[PDB]
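As provided, input-v1.txt (compact mmCIF, C-alpha atoms and all ligand atoms) reads as follows.
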# COMPACT_ATOMS: atom_id res chain seq x y z
CA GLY A 11 58.03 -2.49 -100.13
CA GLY A 12 58.04 -5.99 -98.80
CA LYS A 13 57.54 -7.44 -95.40
CA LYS A 14 60.22 -6.51 -92.95
CA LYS A 15 62.55 -8.38 -90.60
CA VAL A 16 61.59 -7.44 -87.00
CA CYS A 17 63.77 -7.88 -83.89
CA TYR A 18 61.87 -7.50 -80.62
CA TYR A 19 63.54 -6.77 -77.21
CA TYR A 20 62.10 -8.01 -73.92
CA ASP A 21 63.37 -8.98 -70.50
CA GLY A 22 61.01 -11.09 -68.42
CA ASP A 23 61.99 -9.27 -65.22
CA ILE A 24 60.76 -5.87 -66.48
CA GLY A 25 57.20 -6.50 -65.22
CA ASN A 26 58.47 -6.94 -61.62
CA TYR A 27 59.64 -3.32 -61.16
CA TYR A 28 57.19 -1.38 -59.08
CA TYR A 29 57.06 2.40 -58.86
CA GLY A 30 55.14 2.27 -55.54
CA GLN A 31 51.60 2.33 -54.19
CA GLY A 32 49.34 4.68 -56.13
CA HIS A 33 51.95 5.45 -58.86
CA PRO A 34 50.19 5.19 -62.26
CA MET A 35 53.28 3.91 -64.15
CA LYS A 36 53.02 0.07 -64.17
CA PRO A 37 55.94 -1.80 -65.83
CA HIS A 38 53.73 -4.91 -65.59
CA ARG A 39 51.89 -3.57 -68.67
CA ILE A 40 55.02 -4.59 -70.71
CA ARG A 41 54.68 -8.17 -69.46
CA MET A 42 50.91 -8.14 -70.31
CA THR A 43 51.82 -6.91 -73.80
CA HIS A 44 54.42 -9.65 -74.23
CA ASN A 45 52.10 -12.43 -73.00
CA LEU A 46 49.28 -11.27 -75.23
CA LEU A 47 51.42 -11.13 -78.37
CA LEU A 48 53.01 -14.61 -77.56
CA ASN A 49 49.44 -15.97 -77.31
CA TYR A 50 48.66 -14.54 -80.73
CA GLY A 51 51.66 -16.51 -82.06
CA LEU A 52 53.68 -13.43 -83.14
CA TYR A 53 56.93 -15.01 -81.83
CA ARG A 54 56.79 -17.27 -84.96
CA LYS A 55 57.41 -14.24 -87.20
CA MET A 56 60.04 -12.21 -85.34
CA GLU A 57 63.34 -12.67 -83.55
CA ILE A 58 63.04 -12.08 -79.79
CA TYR A 59 66.12 -10.91 -77.88
CA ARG A 60 66.69 -10.31 -74.24
CA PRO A 61 68.38 -6.87 -73.93
CA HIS A 62 71.67 -6.48 -72.00
CA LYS A 63 71.75 -4.23 -68.98
CA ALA A 64 73.10 -0.94 -70.32
CA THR A 65 76.22 0.13 -68.42
CA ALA A 66 76.98 3.45 -66.73
CA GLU A 67 79.51 3.96 -69.76
CA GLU A 68 76.63 3.56 -72.25
CA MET A 69 74.42 6.02 -70.25
CA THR A 70 77.05 8.71 -69.94
CA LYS A 71 77.14 8.99 -73.76
CA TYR A 72 74.40 11.55 -72.91
CA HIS A 73 73.78 11.79 -69.16
CA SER A 74 76.18 13.40 -66.70
CA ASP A 75 78.49 11.19 -64.68
CA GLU A 76 77.17 12.74 -61.41
CA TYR A 77 73.54 11.93 -62.29
CA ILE A 78 74.26 8.32 -63.37
CA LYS A 79 76.44 7.76 -60.23
CA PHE A 80 73.42 8.98 -58.16
CA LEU A 81 70.94 6.67 -59.98
CA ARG A 82 73.30 3.68 -59.47
CA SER A 83 73.68 4.44 -55.70
CA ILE A 84 70.21 5.57 -54.54
CA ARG A 85 68.01 2.97 -52.80
CA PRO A 86 64.89 3.05 -50.54
CA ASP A 87 67.19 2.15 -47.56
CA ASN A 88 69.70 5.07 -48.02
CA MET A 89 67.35 7.89 -49.19
CA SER A 90 67.83 9.79 -45.90
CA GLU A 91 71.55 10.19 -46.72
CA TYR A 92 70.78 11.60 -50.21
CA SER A 93 68.02 14.22 -49.55
CA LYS A 94 69.90 17.09 -51.19
CA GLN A 95 70.92 14.93 -54.20
CA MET A 96 67.32 13.77 -54.66
CA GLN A 97 66.18 17.36 -55.07
CA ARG A 98 69.14 18.25 -57.40
CA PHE A 99 68.27 15.32 -59.70
CA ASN A 100 64.43 15.63 -59.34
CA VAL A 101 64.01 12.20 -57.77
CA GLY A 102 61.61 11.22 -54.94
CA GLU A 103 58.08 12.37 -56.08
CA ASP A 104 56.90 11.76 -59.74
CA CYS A 105 60.23 9.88 -60.18
CA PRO A 106 60.32 7.80 -57.01
CA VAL A 107 63.12 5.74 -55.57
CA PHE A 108 62.12 2.08 -55.87
CA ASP A 109 63.84 -1.28 -55.49
CA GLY A 110 65.78 -2.09 -58.66
CA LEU A 111 65.38 1.47 -60.13
CA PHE A 112 68.86 1.37 -61.76
CA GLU A 113 68.27 -2.15 -63.22
CA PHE A 114 64.90 -0.95 -64.67
CA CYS A 115 66.85 1.91 -66.32
CA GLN A 116 69.47 -0.56 -67.58
CA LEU A 117 66.90 -2.88 -69.21
CA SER A 118 64.75 -0.06 -70.66
CA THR A 119 67.88 1.50 -72.15
CA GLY A 120 69.56 -1.78 -73.20
CA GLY A 121 66.63 -2.64 -75.44
CA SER A 122 66.72 0.70 -77.24
CA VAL A 123 70.50 0.80 -77.72
CA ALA A 124 70.63 -2.92 -78.75
CA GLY A 125 67.87 -2.25 -81.30
CA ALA A 126 69.78 0.73 -82.70
CA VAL A 127 72.94 -1.45 -83.00
CA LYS A 128 70.95 -4.10 -84.83
CA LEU A 129 69.69 -1.44 -87.27
CA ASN A 130 73.15 0.05 -87.75
CA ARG A 131 74.49 -3.43 -88.62
CA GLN A 132 71.68 -3.90 -91.24
CA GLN A 133 70.65 -7.10 -89.45
CA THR A 134 67.00 -5.97 -89.17
CA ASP A 135 64.57 -3.55 -90.81
CA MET A 136 62.70 -2.83 -87.55
CA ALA A 137 63.58 -3.12 -83.91
CA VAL A 138 60.96 -2.96 -81.15
CA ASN A 139 61.46 -2.06 -77.47
CA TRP A 140 58.17 -1.60 -75.65
CA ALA A 141 60.08 -0.98 -72.37
CA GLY A 142 61.67 2.14 -73.93
CA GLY A 143 60.44 5.57 -74.92
CA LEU A 144 61.27 7.48 -71.74
CA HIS A 145 61.15 10.83 -73.49
CA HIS A 146 61.23 13.24 -70.51
CA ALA A 147 64.58 12.26 -68.97
CA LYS A 148 67.15 15.08 -69.10
CA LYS A 149 70.95 15.19 -69.17
CA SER A 150 71.24 15.55 -65.35
CA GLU A 151 67.68 15.18 -64.05
CA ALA A 152 64.80 12.72 -63.89
CA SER A 153 61.42 13.99 -65.10
CA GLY A 154 57.86 12.71 -65.54
CA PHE A 155 58.57 9.11 -64.36
CA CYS A 156 61.67 8.95 -66.69
CA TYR A 157 65.25 8.59 -65.38
CA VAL A 158 67.47 7.59 -68.30
CA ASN A 159 66.65 8.82 -71.79
CA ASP A 160 66.86 5.56 -73.74
CA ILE A 161 65.62 7.40 -76.86
CA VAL A 162 68.47 9.93 -76.86
CA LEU A 163 70.97 7.10 -76.28
CA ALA A 164 69.51 5.07 -79.15
CA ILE A 165 69.62 8.10 -81.45
CA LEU A 166 73.28 8.75 -80.53
CA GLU A 167 73.97 5.11 -81.52
CA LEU A 168 72.16 5.59 -84.86
CA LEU A 169 74.12 8.83 -85.53
CA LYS A 170 77.32 6.71 -85.71
CA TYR A 171 76.06 5.36 -89.10
CA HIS A 172 73.26 7.83 -90.11
CA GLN A 173 73.80 11.48 -91.08
CA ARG A 174 70.16 12.39 -90.37
CA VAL A 175 67.79 10.70 -87.86
CA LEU A 176 64.09 11.49 -87.59
CA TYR A 177 62.35 11.14 -84.21
CA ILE A 178 58.50 11.00 -84.11
CA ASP A 179 56.53 11.07 -80.86
CA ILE A 180 52.81 10.10 -80.62
CA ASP A 181 52.71 9.88 -76.82
CA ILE A 182 50.10 12.39 -75.52
CA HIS A 183 52.97 14.27 -73.82
CA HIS A 184 55.56 16.45 -75.51
CA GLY A 185 58.87 14.62 -76.10
CA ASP A 186 60.76 17.40 -74.34
CA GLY A 187 63.90 15.49 -73.29
CA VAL A 188 64.53 14.24 -76.81
CA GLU A 189 63.84 17.70 -78.30
CA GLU A 190 66.18 19.33 -75.81
CA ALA A 191 69.07 16.90 -76.46
CA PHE A 192 68.95 17.62 -80.20
CA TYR A 193 67.56 21.18 -80.19
CA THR A 194 70.74 22.79 -81.67
CA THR A 195 71.56 20.09 -84.30
CA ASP A 196 70.24 19.46 -87.77
CA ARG A 197 71.36 15.81 -87.53
CA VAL A 198 68.20 14.92 -85.63
CA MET A 199 64.77 16.28 -86.43
CA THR A 200 62.26 15.83 -83.61
CA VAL A 201 58.54 15.76 -84.38
CA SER A 202 56.08 15.64 -81.47
CA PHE A 203 52.26 15.54 -81.47
CA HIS A 204 50.90 16.16 -77.98
CA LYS A 205 48.29 17.72 -75.80
CA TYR A 206 49.28 21.34 -75.07
CA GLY A 207 47.79 23.79 -72.53
CA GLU A 208 47.92 23.27 -68.72
CA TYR A 209 49.48 19.89 -69.21
CA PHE A 210 52.77 18.21 -68.39
CA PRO A 211 55.59 19.07 -69.25
CA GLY A 212 54.36 22.53 -70.37
CA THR A 213 56.65 22.63 -73.44
CA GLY A 214 56.11 21.88 -77.17
CA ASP A 215 54.51 25.19 -78.30
CA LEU A 216 54.12 25.48 -82.17
CA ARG A 217 56.70 28.28 -81.95
CA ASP A 218 59.51 26.08 -80.48
CA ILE A 219 61.33 25.23 -83.72
CA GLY A 220 64.95 24.63 -82.62
CA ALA A 221 67.98 26.93 -82.34
CA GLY A 222 71.34 27.45 -84.04
CA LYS A 223 72.03 24.79 -86.68
CA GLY A 224 68.90 23.05 -85.31
CA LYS A 225 66.56 25.96 -86.18
CA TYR A 226 63.61 24.44 -88.09
CA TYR A 227 64.61 20.89 -86.99
CA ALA A 228 62.18 20.74 -84.02
CA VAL A 229 58.50 20.36 -84.97
CA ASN A 230 55.65 20.53 -82.44
CA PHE A 231 51.97 19.91 -83.14
CA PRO A 232 50.01 21.15 -80.08
CA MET A 233 46.57 19.62 -79.65
CA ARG A 234 43.49 19.97 -77.43
CA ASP A 235 41.44 17.31 -75.67
CA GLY A 236 39.40 14.76 -77.54
CA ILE A 237 41.34 14.29 -80.78
CA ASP A 238 39.93 11.35 -82.72
CA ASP A 239 41.21 8.88 -85.32
CA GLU A 240 39.98 10.87 -88.36
CA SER A 241 41.38 14.22 -87.15
CA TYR A 242 44.74 12.70 -86.12
CA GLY A 243 45.02 10.67 -89.35
CA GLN A 244 44.47 13.69 -91.53
CA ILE A 245 47.36 15.64 -90.08
CA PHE A 246 49.82 12.84 -89.31
CA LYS A 247 50.30 11.50 -92.83
CA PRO A 248 50.69 14.95 -94.54
CA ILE A 249 53.10 16.20 -91.84
CA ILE A 250 55.27 13.07 -91.84
CA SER A 251 55.24 12.95 -95.68
CA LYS A 252 56.48 16.58 -95.84
CA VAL A 253 59.10 15.91 -93.18
CA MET A 254 60.34 12.84 -95.11
CA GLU A 255 60.48 14.90 -98.36
CA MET A 256 62.33 17.87 -96.90
CA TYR A 257 64.55 16.18 -94.28
CA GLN A 258 65.32 12.85 -96.05
CA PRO A 259 66.37 10.96 -92.90
CA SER A 260 68.09 7.58 -93.21
CA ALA A 261 66.71 6.16 -89.94
CA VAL A 262 63.59 6.75 -87.85
CA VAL A 263 62.73 6.38 -84.18
CA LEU A 264 59.00 6.25 -83.38
CA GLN A 265 57.86 6.63 -79.79
CA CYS A 266 54.44 4.87 -79.58
CA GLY A 267 53.24 6.04 -76.15
CA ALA A 268 49.73 4.64 -75.66
CA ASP A 269 48.49 7.43 -73.30
CA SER A 270 47.04 9.09 -76.48
CA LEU A 271 44.38 6.31 -76.54
CA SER A 272 40.74 6.79 -75.70
CA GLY A 273 40.01 5.84 -72.06
CA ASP A 274 43.56 6.39 -70.79
CA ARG A 275 43.52 7.00 -67.03
CA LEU A 276 45.76 10.08 -67.44
CA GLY A 277 45.22 11.20 -71.04
CA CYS A 278 42.33 13.05 -72.63
CA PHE A 279 42.67 11.99 -76.30
CA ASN A 280 40.18 9.78 -78.12
CA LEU A 281 42.23 7.55 -80.45
CA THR A 282 41.45 3.88 -80.99
CA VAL A 283 44.15 1.21 -81.32
CA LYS A 284 43.55 1.34 -85.10
CA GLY A 285 43.94 5.12 -85.14
CA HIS A 286 47.15 5.00 -83.08
CA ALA A 287 48.57 2.07 -85.18
CA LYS A 288 47.85 4.02 -88.43
CA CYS A 289 50.90 6.11 -87.39
CA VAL A 290 53.08 2.97 -87.43
CA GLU A 291 51.66 2.00 -90.84
CA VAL A 292 52.40 5.48 -92.25
CA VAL A 293 56.02 5.51 -90.96
CA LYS A 294 56.62 1.95 -92.17
CA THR A 295 55.69 2.98 -95.82
CA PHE A 296 58.91 5.00 -96.11
CA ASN A 297 60.98 1.78 -95.85
CA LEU A 298 63.63 3.27 -93.58
CA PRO A 299 65.37 1.50 -90.68
CA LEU A 300 62.85 1.95 -87.84
CA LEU A 301 63.16 1.71 -84.07
CA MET A 302 59.74 1.44 -82.43
CA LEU A 303 59.63 2.31 -78.76
CA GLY A 304 57.04 2.29 -76.00
CA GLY A 305 56.01 5.22 -73.85
CA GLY A 306 53.11 6.14 -71.64
CA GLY A 307 49.78 4.46 -71.16
CA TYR A 308 47.88 3.97 -67.91
CA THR A 309 44.81 1.87 -68.81
CA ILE A 310 46.98 -1.17 -68.95
CA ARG A 311 44.58 -3.47 -70.86
CA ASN A 312 44.57 -0.90 -73.71
CA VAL A 313 48.37 -0.56 -73.63
CA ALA A 314 48.69 -4.34 -74.12
CA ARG A 315 46.15 -4.22 -76.99
CA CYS A 316 47.88 -1.26 -78.62
CA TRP A 317 51.44 -2.61 -78.60
CA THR A 318 50.30 -6.12 -79.52
CA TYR A 319 48.47 -4.71 -82.57
CA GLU A 320 51.45 -2.43 -83.44
CA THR A 321 53.82 -5.46 -83.29
CA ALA A 322 51.40 -7.22 -85.72
CA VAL A 323 51.44 -4.09 -87.96
CA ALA A 324 55.26 -4.11 -87.93
CA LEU A 325 55.07 -7.80 -89.07
CA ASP A 326 52.22 -7.21 -91.65
CA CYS A 327 50.44 -9.97 -89.78
CA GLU A 328 46.67 -9.88 -89.59
CA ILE A 329 45.44 -10.94 -86.14
CA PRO A 330 41.88 -11.69 -85.01
CA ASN A 331 39.85 -9.27 -82.95
CA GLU A 332 38.88 -12.19 -80.64
CA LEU A 333 41.62 -12.18 -77.95
CA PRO A 334 43.42 -15.52 -77.43
CA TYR A 335 43.49 -16.92 -73.91
CA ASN A 336 46.46 -15.51 -71.96
CA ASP A 337 47.78 -15.08 -68.36
CA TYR A 338 45.92 -11.74 -68.02
CA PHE A 339 42.72 -12.64 -69.79
CA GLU A 340 40.42 -11.20 -67.13
CA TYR A 341 41.98 -7.73 -67.59
CA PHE A 342 40.40 -7.60 -71.09
CA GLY A 343 36.78 -7.89 -69.96
CA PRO A 344 34.01 -7.32 -70.44
CA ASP A 345 34.44 -7.75 -74.23
CA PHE A 346 37.73 -9.81 -74.58
CA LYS A 347 38.40 -8.06 -78.00
CA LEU A 348 41.62 -6.54 -79.29
CA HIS A 349 40.12 -3.34 -80.69
CA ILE A 350 38.54 -0.50 -78.69
CA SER A 351 35.83 2.05 -79.29
CA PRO A 352 36.20 5.78 -78.98
CA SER A 353 34.30 7.58 -76.23
CA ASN A 354 31.61 10.25 -76.80
CA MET A 355 33.97 13.04 -75.62
CA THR A 356 33.97 16.28 -77.56
CA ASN A 357 36.86 16.80 -79.95
CA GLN A 358 38.11 20.32 -79.02
CA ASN A 359 40.40 20.20 -82.12
CA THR A 360 38.25 21.65 -84.85
CA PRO A 361 39.07 20.74 -88.49
CA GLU A 362 40.08 24.39 -89.05
CA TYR A 363 42.43 24.34 -86.02
CA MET A 364 44.03 21.15 -87.38
CA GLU A 365 44.54 22.60 -90.89
CA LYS A 366 45.81 25.89 -89.56
CA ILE A 367 48.46 24.31 -87.30
CA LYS A 368 49.46 22.07 -90.24
CA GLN A 369 49.81 25.06 -92.52
CA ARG A 370 52.06 26.84 -89.99
CA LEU A 371 54.29 23.78 -89.61
CA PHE A 372 54.45 23.46 -93.47
CA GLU A 373 55.75 27.10 -93.61
CA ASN A 374 58.53 26.08 -91.20
CA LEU A 375 59.35 22.94 -93.22
CA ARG A 376 59.88 25.25 -96.31
CA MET A 377 62.85 26.73 -94.52
CA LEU A 378 64.85 23.45 -94.76
CA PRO A 379 67.51 23.47 -97.56
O1 LIG B 401 52.71 9.85 -69.37
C1 LIG B 401 53.60 10.56 -68.92
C2 LIG B 401 54.97 10.60 -69.57
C3 LIG B 401 55.90 9.56 -68.90
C4 LIG B 401 56.55 8.79 -70.04
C5 LIG B 401 57.07 7.41 -69.65
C6 LIG B 401 57.07 6.37 -70.56
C7 LIG B 401 57.54 5.11 -70.19
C8 LIG B 401 57.96 4.88 -68.92
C9 LIG B 401 58.00 5.91 -68.01
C10 LIG B 401 57.53 7.16 -68.38
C11 LIG B 401 55.47 8.82 -71.10
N1 LIG B 401 54.89 10.19 -71.00
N2 LIG B 401 53.41 11.32 -67.85
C12 LIG B 401 54.43 12.21 -67.27
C13 LIG B 401 53.70 12.80 -66.10
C14 LIG B 401 54.15 13.74 -65.20
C15 LIG B 401 53.32 14.16 -64.17
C16 LIG B 401 52.02 13.68 -64.08
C17 LIG B 401 51.56 12.75 -65.00
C18 LIG B 401 52.40 12.32 -66.02
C19 LIG B 401 52.13 11.34 -67.13
CA CA B 402 54.07 13.31 -78.17
NA NA B 403 67.33 18.96 -83.87
ZN ZN B 404 52.95 10.32 -71.85
Do you think you could lay out the structure here as structure tokens?
Amino acid sequence: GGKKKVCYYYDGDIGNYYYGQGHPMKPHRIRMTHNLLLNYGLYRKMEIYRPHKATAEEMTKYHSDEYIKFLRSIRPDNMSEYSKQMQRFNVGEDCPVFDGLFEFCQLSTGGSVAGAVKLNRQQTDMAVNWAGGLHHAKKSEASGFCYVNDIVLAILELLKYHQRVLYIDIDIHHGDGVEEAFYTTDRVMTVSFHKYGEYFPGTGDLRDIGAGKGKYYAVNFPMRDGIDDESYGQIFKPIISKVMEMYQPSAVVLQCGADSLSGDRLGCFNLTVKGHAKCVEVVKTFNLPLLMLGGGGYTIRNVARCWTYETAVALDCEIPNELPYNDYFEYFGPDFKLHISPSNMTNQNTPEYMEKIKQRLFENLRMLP
């Protein structure tokens, strides 16, 4: 279906935001990604834009005015004055107050909304925002290191021009904030694959299918530890194909959280970069306007590898396994290769479990008109 025009969103300041000592979320991984893909020469094939800072007006298309006013006002130096408000909005522990928190939100969000605008205007086929994908943020509360739900905001932008928008989430966590925003509408179908069972956020059971007009428009594929490329690949393509057939969206948002990779400091899946990127390849085959977003990922060398390779996939550009020299070269030792190996961990997702969950979701997809 041809090679695609790709617009890529990046602000060079993003890597300077720091969640605090010991916090596993490292915005610097976005800068490592960017530097790696520049050193592969991928800037020659795509348009690179610096996102605007999304305004409080843009954010309150979804989020409450009280919550956004709080995020814009809270700082490490006035936290004592806001103790009550911090608890109301779930800020101060997993979602710390840090210097430049609101600007981080603005840049994360600006990339996603700007990409959606570019898609709406038919000026690109794909838009990429690796600083986006903050799927846990809720209307009036922070959650799981997420403050502003850039994904929901981008989908609201797409809904100006698209009757039906499909959201797909391959982060190891359930995309609960996105699901919740659109749970009672048929104008967005949310599809999340995630680890389920004693695992954050605790949502995304098979049986959560939407409500009201949105009944059957939320799809959740709960998984166990140790899922591998072959097991994931054999459910992802059939599920997404059936979704595309039955729902017929006109735009797609794909959250590419890299915490579903093998060796992730917080995740317990066993995907390689190739296995993760196969999801991008599958979605790309439908030739629909596509917004590719970031997400989790805590082994930062593997995040940079993953999103570099997925940018190359978006561009249909073959890149060598030998990493080019770059500003973070030592982070890619001891091998200095792009691709990763799976671990020897047991896959707790038996082939029968995978088929059975698939069959249950197919029964739900038969309820669409
Ligand atoms: O990986 C996650 C969530 C965050 C989310 C994200 C993406 C991009 C930037 C900020 C945030 C990706 N998925 N986690 C939530 C959570 C909550 C509590 C203990 C560990 C974890 C890990
Ligand atoms: Ca997910
Ligand atoms: Na929905
Ligand atoms: Zn995650």
*Please identify the residues whose atoms come within 6 Å of ligand CA 402 (chain B), using all atoms listed in the file, and report them as a ChimeraX atom specification.*
/A:179-185,202-204
*List all protein, DNA and RNA residues that have any atom at most 6 Å from ligand LIG 401 (chain B), counting all atoms listed in the file, and write the list as a VMD selection string.*
chain A and resid 143 to 144 154 to 156 183 210 305 to 306
*What is the atom ZN of ligand ZN 404 (chain B)-CA of residue 190 (chain A) distance in Å, reported with one decimal?*
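Going from atom ZN of ligand ZN 404 (chain B) over to CA of residue 190 (chain A) covers 16.5 Å.
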_Shell of 7 Å around ligand NA 403 (chain B) (only C-alpha atoms and all ligand atoms), written as a PyMOL selection string_ = chain A and resi 189+192-200+220+224+227-228
*Top pick for closest residue to ligand ZN 404 (chain B), considering A:208, A:274, A:320, A:291 and counting all atoms listed in the file*: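 Closest to ligand ZN 404 (chain B) of all the choices is A:274.
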_Which residue of A:269, A:215, A:239, A:68 approaches ligand ZN 404 (chain B) most closely, using all atoms listed in the file_ = A:269
*Distance in Å - CA of residue 111 (chain A) versus CA of residue 78 (chain A)*: 11.7 Å
*Measure the distance from CA of residue 60 (chain A) to CA of residue 121 (chain A) in Å and round it to one decimal.*
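The value is 7.8 Å.
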_Counting all atoms listed in the file, which residue out of A:307, A:248, A:22, A:352 sits closest to ligand ZN 404 (chain B)?_
A:307
*Using only C-alpha atoms, which of the listed residues (A:367, A:24, A:298, A:249) sits closest to residue 11 (chain A)?*
A:298
*asked:* Please determine, counting all atoms listed in the file, which residue among A:296, A:346, A:279, A:20 has the shortest atom-to-atom distance to ligand ZN 404 (chain B).
replied: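 Closest residue, counting all atoms listed in the file: A:279.
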*Residue contacts of region 48-54 of chain A (9 Å, only C-alpha atoms) excluding same-chain residues fewer than 2 positions away, as a count of residues only*: 18
For residue 129 (chain A), please output as a compact mmCIF listing (two decimals) with C-alpha atoms, keeping the file's coordinate frame all residues within 9 Å (counting only C-alpha atoms; exclusion window: fewer than 5 positions along the same chain).
# COMPACT_ATOMS: atom_id res chain seq x y z
CA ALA A 124 70.63 -2.92 -78.75
CA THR A 134 67.00 -5.97 -89.17
CA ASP A 135 64.57 -3.55 -90.81
CA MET A 136 62.70 -2.83 -87.55
CA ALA A 137 63.58 -3.12 -83.91
CA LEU A 168 72.16 5.59 -84.86
CA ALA A 261 66.71 6.16 -89.94
CA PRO A 299 65.37 1.50 -90.68
CA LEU A 300 62.85 1.95 -87.84
CA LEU A 301 63.16 1.71 -84.07
*Would you list the contacts of residue 368 (chain A) as a list in words, taking every protein, DNA or RNA residue within 10 Å and counting all atoms listed in the file, but skipping same-chain residues closer than 2 positions in sequence?*
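Near neighbours after the sequence-gap exclusion: residues 216, 231, 244, 245, 246, 248, 249, 362, 363, 364, 365, 366, 370, 371, 372, 373 and 374 of chain A.
Among A:361, A:271, A:315, A:253, the residue with the shortest atom-to-atom distance to residue 375 (chain A), counting all atoms listed in the file, is A:253.
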_From (42.8, 10.1, -83.1), in the file's coordinates, out to 7 Å: which residues are reached, counting all atoms listed in the file? Answer as a ChimeraX atom specification._
/A:237-243,280-282,285-286
